[PDB]
Each structure stands twice: as structure tokens, then as C-alpha cells.
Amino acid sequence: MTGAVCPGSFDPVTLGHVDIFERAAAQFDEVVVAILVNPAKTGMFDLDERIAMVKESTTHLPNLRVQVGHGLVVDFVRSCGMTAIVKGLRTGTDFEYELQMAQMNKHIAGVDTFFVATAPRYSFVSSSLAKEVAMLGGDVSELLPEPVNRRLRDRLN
């Protein structure tokens, strides 16, 4: 079989993320979404919420699973018995950094990284920006999954 890992901190998962999950799932036999715990105490949602939110946003993709990532992405990829990372590109991606890590990741573990541009309508949303805009009262509900909108409403109220 063929497999890819979609790594990230998904705090929260946006519809740009989901778009990329959907494309990974159509093109690989299995997809694993690896949720990577923020280095220090820094999140808006705790791990369980992030997992639930990804899970709840991906029920339509039966070949995808959600797991917490630990250590080097490449080590996790290898443990999933895979050799591919799939990363989404959006407006504001630091692509040069992504490239530097792609080359490093290939160097140290032979893992390939495939990049895919997210749909234009979801290309300007990031977890960071969605949070900052929502905290100051802006409406980003069209760019997040409903499971995320539900949890974002509660935590704001």
C-alpha cells in the first residue's frame, strides 16, 4: 500500500487543512493526520479538542486516521510505515522554510515531501489568522469546519 502523513498543530484545523486531507486521501491508500503538540504551553485548544475537531471534520474520509505526533516528523512517518509527507500551500506559507525542512527531512530519513496548493477559496485562512480575526469579533465561519465553528463560538462566549 501507499501512505502519506499530513503533519501540523491544527489549532484549530481549518477548511484549508481539510481540503489538503481530502486530496491526500484520494491519492494515497492511507492518510495519517499527525497532530504535533505545541512546544511549550501555548495552544488555544488542548490536544483532545484538536483531535476531536480533526476527527469530526474528516468523517467523510474513511482511509484517514488522526494520531498525535511525537518527535521528528520523519520518525513518526517512518513509524506509520510510510515515506511521504503531504503539505498544503496557502497565501502566507513560508515556502522557503518548508523547502529547507523538506531537504533536511529527505537527508536524514529518506522521506519525500509533496506540496499541494489549497483551493483558492481556502487559501487565505490559517489557524493563526482565523483565531486573531475571531477573537476581535470578525466572522471566519465560512473558512472553518462546523465542528470548529461550534467550539470556537463556545470558547469566545
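Rigid core (definition): largest C-alpha set, two forms, superposition within 1.5 Å. Quick note: we count residues from 1 along the sequence shown, nothing fancier.
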property: Stretch with greater C-alpha deviation in 8 other deposited structures of this protein, 40-48 versus 100-108 (rigid core superposition); result: 40-48
property: More shifted region, core-based fit in 8 other deposited structures of this protein, 53-61 vs 90-98 by CA; result: 90-98
property: Higher-B stretch (mean Cα B-factor, as the entry records it), 102-110 or 56-64; result: 56-64
property: Stretch exceeding the other in mean C-alpha B-factor - 43-51, 114-122; result: 43-51
property: Where the record places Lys131 (Cα B-factor, split into thirds across the chain); result: middle
property: B-factor third for the C-alpha atom of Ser9 within its chain; result: middle
property: Within-chain third of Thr93 by Cα B-factor, per the entry; result: lowest
property: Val140, C-alpha B-factor rank within chain (lowest, middle or highest third); result: highest
property: For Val148, the third of its chain into which the C-alpha B factor falls; result: highest
